[PDB]
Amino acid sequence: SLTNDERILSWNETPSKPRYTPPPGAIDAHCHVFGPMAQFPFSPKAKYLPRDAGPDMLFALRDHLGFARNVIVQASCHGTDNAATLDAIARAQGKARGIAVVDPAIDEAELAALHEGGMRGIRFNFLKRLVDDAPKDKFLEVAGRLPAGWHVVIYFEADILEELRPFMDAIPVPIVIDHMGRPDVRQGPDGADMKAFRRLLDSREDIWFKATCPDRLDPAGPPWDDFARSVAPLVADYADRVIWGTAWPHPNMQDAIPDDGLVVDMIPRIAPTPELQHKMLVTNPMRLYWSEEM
């Protein structure tokens, strides 16, 4: 254990109110909880030790920004121990669903227990700066024995997309891509990375993506105009396959801490019409995470 003070703050403690008002039932489909470490320790394999960011803080943020629901995504700092994430879902009293990280050896019963606890998929992280090992064969095997209706969430960088194509084509359930596979948004909406990512989207009908993280992808900083110009055409072209999230509490972003109000204000830039906003924030995430309500 490290004290909270000793650990890394990566979020804005007093974020601006967004100028944009999200519609009723809006889902922040990419967020995390960290600890609280006193009850839920970090993984021995964690590559960062963040400050506590618990459910009460997450819900306060959710309310402040005007969102109705969250998808709480197991963070790499907690490894395959989903306890913190599971506790947050429990505390959300129905307003949250989850994504887990699992030992590929996890048994049928343990997966069932994760489903009851509100998980609707598992995450595969191909960023070496976050996770050392990524056994594709084992990943494929676990993906083939998930509870009915689960998907897989995949996080990778643009420079390994081509290498990952055979793996992704073999995944036997739907796929959600974190942060569009980190394209270089400086290139424009028809740049090399976006062309490659579109080839991936065009290969299977059931690949969804998060149109997220201008803070991570656009080194100019706010208003992140390159992200806006490069991402908006992608949203428009794949309107039925796009979801969105804040990425709060922004692990690893301590050197460029984003204002969540500004993060939310990207929404009407990449989704300029009411219909696009409703698809990205309500209809699409509902089909993935609350299909029983659709």
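Position 1 is the first residue in the sequence shown; the rest follow in order.
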Higher avg CA temperature factor (217-225 vs 74-82, as deposited) belongs to 74-82
Mean Cα B-factor check, 232-240 vs 43-51, entry values; winner is 43-51
In this crystal structure's PDB entry, the residue among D178, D184, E116, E157 with the greatest CA B factor is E116
From the entry's CA B-factor values, the highest among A143, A196, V153, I207 is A143
Where the record places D56 (Cα B-factor, split into thirds across the chain) | highest
Rank-wise, by C-alpha B-factor, drop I171 into the lowest, middle or highest third of its chain.
-> highest
For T212, does the deposited CA B-factor place it in the lowest, middle or highest third of the chain?
-> lowest
Going by what the PDB entry lists, where does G121 fall on CA B-factor within its chain: lowest, middle or highest third?
-> middle
Classify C31 as lowest, middle or highest third according to the C-alpha B-factor given in the PDB entry, relative to its own chain.
-> lowest
